[PDB]
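One file, coords_33.cif, carrying mmCIF, C-alpha atoms and all ligand atoms:
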data_protein
loop_
_atom_site.label_atom_id
_atom_site.label_comp_id
_atom_site.auth_asym_id
_atom_site.auth_seq_id
_atom_site.Cartn_x
_atom_site.Cartn_y
_atom_site.Cartn_z
CA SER A 1 62.16 18.46 -42.44
CA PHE A 2 63.06 21.76 -40.71
CA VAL A 3 60.76 21.40 -37.76
CA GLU A 4 63.37 19.21 -36.06
CA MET A 5 65.54 22.29 -35.79
CA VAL A 6 63.01 24.75 -34.57
CA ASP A 7 63.77 25.95 -30.99
CA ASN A 8 67.34 24.40 -30.98
CA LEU A 9 69.09 27.46 -29.49
CA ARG A 10 69.24 28.59 -25.83
CA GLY A 11 71.14 31.32 -24.09
CA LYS A 12 71.66 33.87 -21.35
CA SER A 13 71.19 37.52 -22.32
CA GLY A 14 74.43 39.07 -23.60
CA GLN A 15 76.40 35.78 -23.43
CA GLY A 16 75.43 34.37 -26.85
CA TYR A 17 73.14 31.71 -28.23
CA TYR A 18 74.31 28.07 -28.35
CA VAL A 19 73.23 24.82 -29.99
CA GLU A 20 73.84 21.31 -28.81
CA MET A 21 76.39 19.24 -30.74
CA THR A 22 78.30 16.05 -30.24
CA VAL A 23 81.90 15.28 -31.14
CA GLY A 24 83.81 12.00 -31.28
CA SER A 25 82.77 8.38 -30.84
CA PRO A 26 81.21 7.57 -28.43
CA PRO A 27 79.31 10.90 -28.69
CA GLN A 28 80.44 13.62 -26.30
CA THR A 29 77.91 16.35 -25.75
CA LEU A 30 78.55 20.07 -25.58
CA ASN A 31 76.82 23.36 -25.97
CA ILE A 32 78.38 25.35 -28.74
CA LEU A 33 78.03 29.11 -29.23
CA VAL A 34 76.74 29.86 -32.72
CA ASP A 35 78.97 32.61 -34.19
CA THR A 36 78.49 34.10 -37.65
CA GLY A 37 81.37 36.49 -36.85
CA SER A 38 84.24 33.96 -36.88
CA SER A 39 85.25 30.79 -38.58
CA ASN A 40 86.86 28.30 -36.24
CA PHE A 41 85.21 25.46 -34.51
CA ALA A 42 86.76 25.28 -31.07
CA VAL A 43 85.98 23.48 -27.87
CA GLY A 44 87.19 23.52 -24.28
CA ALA A 45 89.50 20.52 -24.02
CA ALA A 46 90.84 20.72 -20.47
CA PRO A 47 89.66 22.01 -17.06
CA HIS A 48 88.76 25.61 -16.56
CA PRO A 49 86.93 27.08 -13.54
CA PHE A 50 83.98 28.17 -15.76
CA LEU A 51 83.68 24.93 -17.74
CA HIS A 52 81.68 22.16 -16.14
CA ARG A 53 82.23 19.88 -19.14
CA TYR A 54 84.92 19.58 -21.79
CA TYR A 55 86.06 17.50 -24.75
CA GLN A 56 88.09 14.52 -23.42
CA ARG A 57 89.76 13.42 -26.63
CA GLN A 58 91.58 10.52 -24.96
CA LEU A 59 88.11 8.78 -25.04
CA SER A 60 87.38 9.12 -28.75
CA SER A 61 88.40 6.44 -31.22
CA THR A 62 87.78 8.82 -34.11
CA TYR A 63 90.14 11.49 -32.73
CA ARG A 64 92.99 12.41 -35.09
CA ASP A 65 95.75 14.82 -34.01
CA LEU A 66 96.90 17.21 -36.75
CA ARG A 67 99.97 18.11 -34.59
CA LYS A 68 99.54 21.87 -35.22
CA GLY A 69 98.72 24.59 -32.71
CA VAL A 70 96.35 27.48 -33.29
CA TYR A 71 95.35 30.85 -31.81
CA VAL A 72 92.32 33.11 -32.10
CA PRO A 73 91.71 36.57 -30.66
CA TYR A 74 88.17 37.94 -30.53
CA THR A 75 87.10 41.50 -29.60
CA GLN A 76 87.87 40.91 -25.95
CA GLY A 77 89.02 37.40 -25.17
CA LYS A 78 91.06 34.71 -26.86
CA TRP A 79 92.25 31.18 -26.67
CA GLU A 80 94.93 28.85 -27.91
CA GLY A 81 94.97 25.18 -28.56
CA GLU A 82 95.62 21.97 -30.44
CA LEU A 83 94.19 21.17 -33.86
CA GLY A 84 92.80 17.81 -34.86
CA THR A 85 89.78 16.18 -36.44
CA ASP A 86 86.89 14.16 -35.16
CA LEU A 87 83.30 13.28 -35.93
CA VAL A 88 80.66 15.79 -35.28
CA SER A 89 76.93 16.01 -35.29
CA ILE A 90 74.02 18.23 -34.30
CA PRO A 91 71.27 16.23 -32.41
CA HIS A 92 68.49 18.77 -33.19
CA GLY A 93 69.99 19.48 -36.63
CA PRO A 94 70.19 17.60 -39.87
CA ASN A 95 70.37 13.88 -39.44
CA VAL A 96 74.09 13.54 -40.37
CA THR A 97 77.64 13.09 -39.27
CA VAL A 98 80.80 14.85 -40.55
CA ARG A 99 84.55 14.90 -40.10
CA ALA A 100 85.42 18.50 -39.10
CA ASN A 101 88.46 20.38 -38.03
CA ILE A 102 88.36 21.05 -34.33
CA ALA A 103 90.45 23.26 -32.11
CA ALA A 104 91.01 21.74 -28.71
CA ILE A 105 91.26 24.69 -26.33
CA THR A 106 94.19 24.36 -23.88
CA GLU A 107 94.34 27.99 -22.55
CA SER A 108 92.18 31.09 -22.69
CA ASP A 109 91.69 34.50 -21.34
CA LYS A 110 88.26 36.13 -20.76
CA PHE A 111 86.69 33.78 -23.32
CA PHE A 112 84.64 31.28 -21.30
CA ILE A 113 82.08 33.04 -19.14
CA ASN A 114 80.88 32.34 -15.60
CA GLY A 115 78.03 29.81 -15.89
CA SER A 116 77.10 30.53 -19.55
CA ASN A 117 76.32 26.87 -20.20
CA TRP A 118 78.46 26.64 -23.31
CA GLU A 119 81.84 25.00 -23.83
CA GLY A 120 82.90 25.95 -27.39
CA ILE A 121 82.21 28.07 -30.44
CA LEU A 122 81.14 27.23 -33.98
CA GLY A 123 82.50 29.91 -36.32
CA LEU A 124 80.08 30.02 -39.24
CA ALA A 125 81.94 32.48 -41.36
CA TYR A 126 84.34 31.82 -44.19
CA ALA A 127 87.75 30.27 -44.56
CA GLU A 128 89.39 33.65 -45.24
CA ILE A 129 89.31 34.51 -41.44
CA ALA A 130 90.09 31.07 -40.07
CA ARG A 131 93.18 30.64 -37.95
CA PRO A 132 95.87 29.62 -38.54
CA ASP A 133 95.11 30.53 -42.15
CA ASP A 134 92.52 30.17 -44.81
CA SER A 135 93.29 26.52 -45.45
CA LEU A 136 91.73 25.26 -42.22
CA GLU A 137 88.26 24.36 -43.60
CA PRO A 138 85.48 25.63 -41.30
CA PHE A 139 82.60 23.46 -40.05
CA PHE A 140 79.96 24.53 -42.48
CA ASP A 141 82.14 24.02 -45.51
CA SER A 142 82.92 20.50 -44.31
CA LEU A 143 79.21 19.94 -43.72
CA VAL A 144 78.26 21.07 -47.22
CA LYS A 145 81.15 19.17 -48.81
CA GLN A 146 80.53 15.77 -47.16
CA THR A 147 76.64 15.67 -47.14
CA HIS A 148 73.75 16.82 -49.33
CA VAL A 149 72.79 19.73 -46.99
CA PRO A 150 72.31 22.90 -49.08
CA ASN A 151 74.76 25.73 -48.55
CA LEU A 152 72.65 28.00 -46.40
CA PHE A 153 71.45 28.38 -42.85
CA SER A 154 69.05 30.77 -41.12
CA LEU A 155 68.88 32.22 -37.64
CA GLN A 156 65.98 33.36 -35.56
CA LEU A 157 67.33 34.93 -32.42
CA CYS A 158 64.67 35.73 -29.75
CA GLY A 159 65.37 38.32 -27.03
CA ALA A 160 63.28 38.67 -23.86
CA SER A 161 67.48 33.78 -20.53
CA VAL A 162 66.74 33.30 -24.30
CA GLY A 163 66.10 30.97 -27.20
CA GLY A 164 65.70 30.66 -30.92
CA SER A 165 66.28 28.52 -34.03
CA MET A 166 69.14 27.70 -36.30
CA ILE A 167 67.75 26.06 -39.43
CA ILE A 168 70.62 24.36 -41.32
CA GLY A 169 70.00 23.76 -45.00
CA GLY A 170 67.12 26.11 -45.56
CA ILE A 171 64.41 28.58 -44.68
CA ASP A 172 61.49 27.73 -42.34
CA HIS A 173 58.34 29.75 -43.06
CA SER A 174 56.98 29.38 -39.56
CA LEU A 175 59.77 31.62 -38.20
CA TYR A 176 58.83 34.80 -40.00
CA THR A 177 56.17 37.10 -41.36
CA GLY A 178 56.02 39.20 -44.53
CA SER A 179 58.62 38.87 -47.21
CA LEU A 180 62.32 38.35 -47.20
CA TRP A 181 64.60 41.05 -48.44
CA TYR A 182 68.15 40.40 -49.52
CA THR A 183 71.52 42.15 -49.44
CA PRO A 184 74.63 40.92 -51.29
CA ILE A 185 77.45 39.45 -49.27
CA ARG A 186 80.12 41.94 -50.44
CA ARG A 187 83.07 39.64 -49.78
CA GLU A 188 83.19 36.16 -48.34
CA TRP A 189 85.23 36.56 -45.11
CA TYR A 190 82.94 37.97 -42.44
CA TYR A 191 79.37 38.16 -43.58
CA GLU A 192 80.03 41.61 -44.97
CA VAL A 193 77.33 43.94 -46.23
CA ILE A 194 76.87 47.57 -47.22
CA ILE A 195 74.72 49.95 -45.27
CA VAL A 196 73.67 52.88 -47.48
CA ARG A 197 71.56 55.11 -45.27
CA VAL A 198 70.86 55.42 -41.54
CA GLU A 199 67.87 57.27 -40.12
CA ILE A 200 66.85 58.03 -36.55
CA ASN A 201 63.13 58.80 -36.00
CA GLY A 202 62.63 59.61 -39.71
CA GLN A 203 65.73 61.82 -40.27
CA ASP A 204 68.75 60.82 -42.37
CA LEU A 205 72.00 61.16 -40.30
CA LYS A 206 73.44 62.80 -43.46
CA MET A 207 77.00 61.58 -43.50
CA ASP A 208 78.84 60.20 -46.48
CA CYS A 209 77.37 56.65 -46.50
CA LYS A 210 81.04 55.39 -46.46
CA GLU A 211 81.31 56.31 -42.79
CA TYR A 212 78.64 53.62 -42.11
CA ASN A 213 80.91 50.98 -43.58
CA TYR A 214 84.12 52.41 -42.35
CA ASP A 215 86.31 49.43 -42.16
CA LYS A 216 83.42 47.04 -42.94
CA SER A 217 79.83 46.25 -41.82
CA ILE A 218 79.16 42.71 -40.78
CA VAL A 219 76.33 40.54 -39.49
CA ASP A 220 77.62 38.92 -36.29
CA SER A 221 75.49 36.67 -34.02
CA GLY A 222 78.42 36.39 -31.55
CA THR A 223 78.33 40.17 -30.84
CA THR A 224 75.68 41.55 -28.49
CA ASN A 225 75.43 45.14 -29.48
CA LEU A 226 74.80 47.30 -32.43
CA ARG A 227 78.33 48.64 -32.80
CA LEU A 228 78.95 51.73 -34.86
CA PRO A 229 82.07 53.66 -36.05
CA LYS A 230 82.95 56.62 -33.71
CA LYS A 231 81.71 59.43 -35.97
CA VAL A 232 78.43 57.55 -36.64
CA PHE A 233 78.01 56.55 -33.00
CA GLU A 234 78.48 60.13 -31.88
CA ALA A 235 75.95 61.20 -34.47
CA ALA A 236 73.44 58.57 -33.41
CA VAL A 237 73.71 59.34 -29.76
CA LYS A 238 73.09 63.11 -30.35
CA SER A 239 69.88 62.29 -32.19
CA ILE A 240 68.72 59.63 -29.64
CA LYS A 241 69.42 62.13 -26.79
CA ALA A 242 67.34 64.79 -28.59
CA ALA A 243 64.48 62.46 -29.45
CA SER A 244 64.29 61.42 -25.82
CA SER A 245 65.18 64.69 -23.92
CA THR A 246 61.82 64.56 -22.09
CA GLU A 247 64.09 62.82 -19.50
CA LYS A 248 67.87 62.97 -19.14
CA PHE A 249 70.01 60.00 -18.02
CA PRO A 250 73.62 59.93 -16.78
CA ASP A 251 76.52 59.66 -19.26
CA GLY A 252 77.57 56.17 -18.17
CA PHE A 253 74.25 55.20 -19.62
CA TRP A 254 75.19 56.26 -23.12
CA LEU A 255 78.61 54.63 -22.72
CA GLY A 256 76.86 51.51 -21.52
CA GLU A 257 78.53 51.68 -18.06
CA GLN A 258 75.31 51.98 -16.07
CA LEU A 259 71.72 50.81 -16.19
CA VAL A 260 68.47 52.76 -16.11
CA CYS A 261 65.16 51.54 -14.62
CA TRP A 262 61.43 52.31 -14.17
CA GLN A 263 58.64 50.78 -12.01
CA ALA A 264 57.71 47.51 -13.71
CA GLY A 265 55.63 48.17 -16.82
CA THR A 266 56.26 51.94 -16.82
CA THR A 267 59.12 52.03 -19.39
CA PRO A 268 58.57 55.11 -21.60
CA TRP A 269 59.26 53.28 -24.88
CA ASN A 270 57.55 56.04 -26.95
CA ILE A 271 60.20 58.70 -26.10
CA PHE A 272 62.93 56.49 -27.59
CA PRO A 273 63.12 56.51 -31.40
CA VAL A 274 63.24 53.79 -34.09
CA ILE A 275 66.45 53.31 -35.97
CA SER A 276 66.50 52.32 -39.63
CA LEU A 277 69.34 50.74 -41.51
CA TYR A 278 69.09 50.76 -45.24
CA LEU A 279 70.98 48.05 -46.94
CA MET A 280 72.19 47.47 -50.48
CA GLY A 281 69.58 45.56 -52.47
CA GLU A 282 69.57 42.97 -55.23
CA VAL A 283 68.61 45.18 -58.14
CA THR A 284 70.16 48.32 -59.69
CA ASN A 285 69.84 51.34 -57.40
CA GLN A 286 67.54 49.33 -55.12
CA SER A 287 67.75 49.30 -51.32
CA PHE A 288 65.52 48.18 -48.48
CA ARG A 289 65.46 49.10 -44.80
CA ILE A 290 65.26 47.36 -41.51
CA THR A 291 63.76 49.20 -38.63
CA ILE A 292 64.49 48.53 -35.03
CA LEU A 293 62.71 49.56 -31.91
CA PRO A 294 64.06 50.77 -28.55
CA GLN A 295 62.90 47.44 -27.21
CA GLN A 296 65.98 46.06 -29.17
CA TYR A 297 68.68 48.62 -28.42
CA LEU A 298 67.84 48.75 -24.68
CA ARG A 299 68.86 45.35 -23.44
CA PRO A 300 67.19 44.15 -20.27
CA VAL A 301 69.01 42.72 -17.31
CA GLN A 302 59.96 45.16 -9.12
CA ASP A 303 61.40 47.82 -11.51
CA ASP A 304 62.61 47.14 -15.06
CA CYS A 305 66.31 47.73 -15.83
CA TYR A 306 68.05 48.10 -19.19
CA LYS A 307 71.48 48.73 -20.72
CA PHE A 308 72.14 50.86 -23.84
CA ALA A 309 73.31 48.23 -26.38
CA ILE A 310 74.62 50.56 -29.02
CA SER A 311 78.40 51.01 -28.57
CA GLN A 312 81.32 52.64 -30.22
CA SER A 313 83.66 50.74 -32.52
CA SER A 314 86.95 51.60 -34.21
CA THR A 315 86.68 48.40 -36.19
CA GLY A 316 83.56 48.79 -38.42
CA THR A 317 79.78 48.33 -38.04
CA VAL A 318 78.65 45.28 -36.19
CA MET A 319 75.05 44.22 -36.59
CA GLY A 320 74.95 41.95 -33.60
CA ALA A 321 72.18 40.30 -31.66
CA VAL A 322 70.45 43.60 -30.95
CA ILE A 323 69.84 43.86 -34.57
CA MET A 324 69.26 40.21 -35.33
CA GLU A 325 66.63 39.65 -32.64
CA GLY A 326 64.22 41.76 -34.71
CA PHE A 327 64.41 39.44 -37.66
CA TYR A 328 64.80 36.09 -39.25
CA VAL A 329 68.17 36.26 -40.99
CA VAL A 330 69.06 34.02 -43.93
CA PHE A 331 72.74 33.32 -44.64
CA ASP A 332 72.35 32.16 -48.26
CA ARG A 333 75.93 31.33 -49.04
CA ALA A 334 74.93 29.58 -52.25
CA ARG A 335 73.55 32.92 -53.71
CA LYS A 336 76.02 35.17 -51.86
CA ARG A 337 73.34 37.14 -50.04
CA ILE A 338 71.79 37.69 -46.64
CA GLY A 339 67.98 37.72 -46.16
CA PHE A 340 66.06 39.72 -43.54
CA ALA A 341 62.42 39.22 -42.59
CA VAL A 342 60.36 40.30 -39.59
CA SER A 343 60.73 37.58 -36.97
CA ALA A 344 57.77 35.57 -35.68
CA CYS A 345 59.17 36.06 -32.15
CA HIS A 346 59.46 39.80 -32.80
CA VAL A 347 59.47 41.92 -29.58
CA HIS A 348 56.09 43.62 -30.30
CA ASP A 349 55.18 47.14 -29.02
CA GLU A 350 51.63 48.45 -28.71
CA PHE A 351 52.06 51.46 -31.15
CA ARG A 352 54.95 50.53 -33.52
CA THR A 353 56.72 47.43 -34.93
CA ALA A 354 60.01 46.23 -36.28
CA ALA A 355 59.86 46.13 -40.04
CA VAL A 356 61.60 45.23 -43.27
CA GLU A 357 60.36 47.37 -46.07
CA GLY A 358 61.25 48.19 -49.65
CA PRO A 359 62.06 48.83 -52.32
CA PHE A 360 63.71 52.15 -52.02
CA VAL A 361 65.99 53.87 -54.48
CA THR A 362 69.57 54.80 -53.60
CA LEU A 363 72.27 55.94 -56.06
CA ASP A 364 75.88 54.75 -56.03
CA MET A 365 75.49 51.96 -53.45
CA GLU A 366 78.84 50.34 -54.36
CA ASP A 367 80.62 53.58 -53.44
CA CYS A 368 79.24 53.27 -49.85
CA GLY A 369 81.76 50.46 -49.39
CA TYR A 370 85.21 51.23 -47.99
CA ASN A 371 88.40 49.99 -49.69
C1 LIG B 401 88.10 36.13 -36.25
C2 LIG B 401 87.85 36.35 -34.77
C3 LIG B 401 87.40 37.76 -34.61
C4 LIG B 401 88.29 38.77 -34.21
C5 LIG B 401 87.81 40.06 -34.04
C6 LIG B 401 86.47 40.32 -34.31
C7 LIG B 401 85.60 39.31 -34.72
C8 LIG B 401 86.09 38.03 -34.88
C9 LIG B 401 84.13 39.58 -35.02
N1 LIG B 401 83.26 38.56 -34.33
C10 LIG B 401 83.09 38.69 -32.85
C11 LIG B 401 82.71 37.27 -32.34
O1 LIG B 401 83.50 36.34 -33.08
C12 LIG B 401 82.96 36.99 -30.83
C13 LIG B 401 82.51 35.57 -30.48
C14 LIG B 401 82.45 35.37 -28.99
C15 LIG B 401 83.62 35.04 -28.31
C16 LIG B 401 83.58 34.88 -26.94
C17 LIG B 401 82.38 35.04 -26.24
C18 LIG B 401 81.20 35.38 -26.93
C19 LIG B 401 81.25 35.56 -28.31
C20 LIG B 401 79.89 35.57 -26.14
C21 LIG B 401 79.51 37.06 -26.08
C22 LIG B 401 80.42 37.81 -25.10
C23 LIG B 401 80.26 39.34 -25.24
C24 LIG B 401 80.62 39.74 -26.69
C25 LIG B 401 82.06 39.36 -27.11
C26 LIG B 401 82.33 39.97 -28.50
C27 LIG B 401 83.06 39.01 -29.42
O2 LIG B 401 84.26 39.17 -29.63
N2 LIG B 401 82.35 38.00 -29.94
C28 LIG B 401 83.74 41.08 -34.71
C29 LIG B 401 84.94 42.03 -34.92
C30 LIG B 401 85.25 42.34 -36.42
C31 LIG B 401 84.52 43.68 -36.27
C32 LIG B 401 84.59 43.54 -34.71
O3 LIG B 401 86.06 41.59 -34.19
#
Is it possible to give me this structure as structure tokens?
Ligand SMILES: CCc1ccc2c(c1)[C@@H](NC[C@@H](O)[C@@H]1Cc3cccc(c3)CCCCCCCC(=O)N1)CC1(CCC1)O2
Amino acid sequence: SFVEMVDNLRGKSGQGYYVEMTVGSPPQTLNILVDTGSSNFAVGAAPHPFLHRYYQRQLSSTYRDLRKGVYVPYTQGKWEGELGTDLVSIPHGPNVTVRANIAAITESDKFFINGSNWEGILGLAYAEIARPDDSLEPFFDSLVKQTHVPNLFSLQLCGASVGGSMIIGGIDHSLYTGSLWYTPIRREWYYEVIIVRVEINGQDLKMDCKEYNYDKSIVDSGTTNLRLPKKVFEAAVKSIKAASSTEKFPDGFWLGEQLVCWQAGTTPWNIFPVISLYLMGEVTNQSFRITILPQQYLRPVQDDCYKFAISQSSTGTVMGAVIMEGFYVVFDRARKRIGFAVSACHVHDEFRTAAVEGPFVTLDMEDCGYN
């Protein structure tokens, strides 16, 4: 059953997690970035100095041109290419083969990354943000539609070169401890959610909860950092400076420009505080919280070096890998909800741990959303 999928993700820190797939007949093999923050399936389809493999569609008897072009801009980076369809499968995935839309990438800028080991991207989000428009069915919808695979997947992202598991079609109990807690998908476009309270070492940040969701808050495996709206980010960096003022670090540290280090095994984890996000629950006035350690928001790179992986955004809250690596995360599309549980590959600290706890009580959670 789901064991076949356990450990099917690999990666380099800060360059995403990818899963092996094949496209066309005879099977061509590629490593595909797993991206809950977008919704196209796209693949290098012509030489590029950072690809060492690409989809040669001349060689596939199942290739079908759709004779349209397509374009997709990400946060930094973008590509254009040629749309068609072909047959796709996931070797360490369910035992099945589908006809999926596929963008053949013909040009790009700052998309592909020097020796990342992946050659395309699997957008796992919803049609609403697909390019060219919402009518280009994304991979997972084609998968669900053509097979009997249930409409959910789960992700266990391990930090520290990295690995994890993408379980397609269900939940694997070996990948987590404690219970799952769920938050409603507010709208099916990105995996959007509502954060209703933020605390840093015990203390509310005390803003209107709307500022947490200003624009939107999304769960995005293709983003590295915890990204926060300006006002919130400012507020969270004050409080993380104050919690840790035992030592002072440059400014390029807090802007993520420069690293910080300590003799191997000396990192003063205890001076850095836990962050808690409280998320909208399943029941009336009910929330739960996820807590993350400094071992998550200080990304590593004879002394131990780290980058501050909380960054400013003008485009909403992004719960990226920093946040996901704490937990097993269940994208339960069928019930419109996202599950969090403590991960089995949690980055454990001697005196504290990453947690998912509830219930808590929070009034007017719907009003924390932005319109
Ligand atoms: C619809 C396409 C799109 C456009 C903008 C965009 C998003 C999606 C959201 N998802 C970001 C994610 O798709 C990409 C995927 C990606 C692309 C290229 C390379 C990677 C990862 C590997 C990681 C490189 C460093 C992080 C790059 C951030 C990013 O844009 N990730 C995240 C947001 C919406 C809030 C910020 O911005």
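Minimum distance to ligand LIG 401 (chain B) across A:267, A:151, A:114, A:174 (counting all atoms listed in the file) occurs at A:114.
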Exercise answer, 7 Å around ligand LIG 401 (chain B) with all atoms listed in the file, as a PyMOL selection string
chain A and resi 14-16+35+37-39+72-77+111-112+129-130+220+222-224+315-318
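Among A:113, A:125, A:6, A:347, the residue with the shortest atom-to-atom distance to residue 190 in chain A, counting only C-alpha atoms, is A:125.
Minimum distance to residue 132 in chain A across A:265, A:89, A:40, A:169 (counting all atoms listed in the file) occurs at A:40.
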Which polymer residues have any atom within 12 Å of an atom of residue 70 in chain A, counting only C-alpha atoms, with same-chain residues fewer than 5 positions away left out, as a PyMOL selection string?
chain A and resi 40-42+78-84+101-108+130-133+136
A straight line from CA of residue 21 in chain A to CA of residue 88 in chain A spans 7.1 Å
| query | In file coordinates, which residues lie within 12 Å of (75.4, 64.8, -40.7) using all atoms listed in the file, given as a list in words? | reply | residues 197, 198, 199, 200, 203, 204, 205, 206, 207, 208, 209, 211, 212, 231, 232, 233, 234, 235, 236, 238 and 239 of chain A
Nearest to residue 301 in chain A, restricted to only C-alpha atoms and choosing among A:64, A:12, A:52, A:337, comes out as A:12
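Residues in contact with residue 176 in chain A at up to 6 Å, not including ones fewer than 4 positions away on its chain and judged by all atoms listed in the file, are residues 342, 343 and 344 of chain A.
Between CA of residue 225 in chain A and CA of residue 289 in chain A lies a distance of 18.7 Å.
If you look at CA of residue 139 in chain A and CA of residue 126 in chain A, they are 9.5 Å away from each other.
Using all atoms listed in the file, the set of residues no farther than 10 Å from the position (76.2, 18.5, -45.4) comprises residues 94, 95, 96, 97, 98, 139, 140, 141, 142, 143, 144, 145, 146, 147, 148, 149, 150, 151, 168 and 169 of chain A.
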Just to be explicit: take each residue in the selection above, keep C-alpha atoms, and write the result as a tab-separated table (two decimals), keeping the file's coordinate frame.
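Output contents, as saved in part12.tsv:
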chain	number	residue	atom	x	y	z
A	94	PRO	CA	70.19	17.60	-39.87
A	95	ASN	CA	70.37	13.88	-39.44
A	96	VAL	CA	74.09	13.54	-40.37
A	97	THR	CA	77.64	13.09	-39.27
A	98	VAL	CA	80.80	14.85	-40.55
A	139	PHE	CA	82.60	23.46	-40.05
A	140	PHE	CA	79.96	24.53	-42.48
A	141	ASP	CA	82.14	24.02	-45.51
A	142	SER	CA	82.92	20.50	-44.31
A	143	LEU	CA	79.21	19.94	-43.72
A	144	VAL	CA	78.26	21.07	-47.22
A	145	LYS	CA	81.15	19.17	-48.81
A	146	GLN	CA	80.53	15.77	-47.16
A	147	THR	CA	76.64	15.67	-47.14
A	148	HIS	CA	73.75	16.82	-49.33
A	149	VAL	CA	72.79	19.73	-46.99
A	150	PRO	CA	72.31	22.90	-49.08
A	151	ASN	CA	74.76	25.73	-48.55
A	168	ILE	CA	70.62	24.36	-41.32
A	169	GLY	CA	70.00	23.76	-45.00
query = Could you name the residues that touch range 364-366 of chain A at 7 Å or less, counting all atoms listed in the file, but leaving out those on the same chain fewer than 5 positions away, as a PyMOL selection string?
reply = chain A and resi 196+280+285
- [ ] Excluding residue 305 in chain A and residues on its chain fewer than 2 positions from it, collect all residues at most 12 Å away from it, counting all atoms listed in the file, and give them as number ranges by chain.
- [x] A: 253, 258-267, 295, 298-303, 307-308
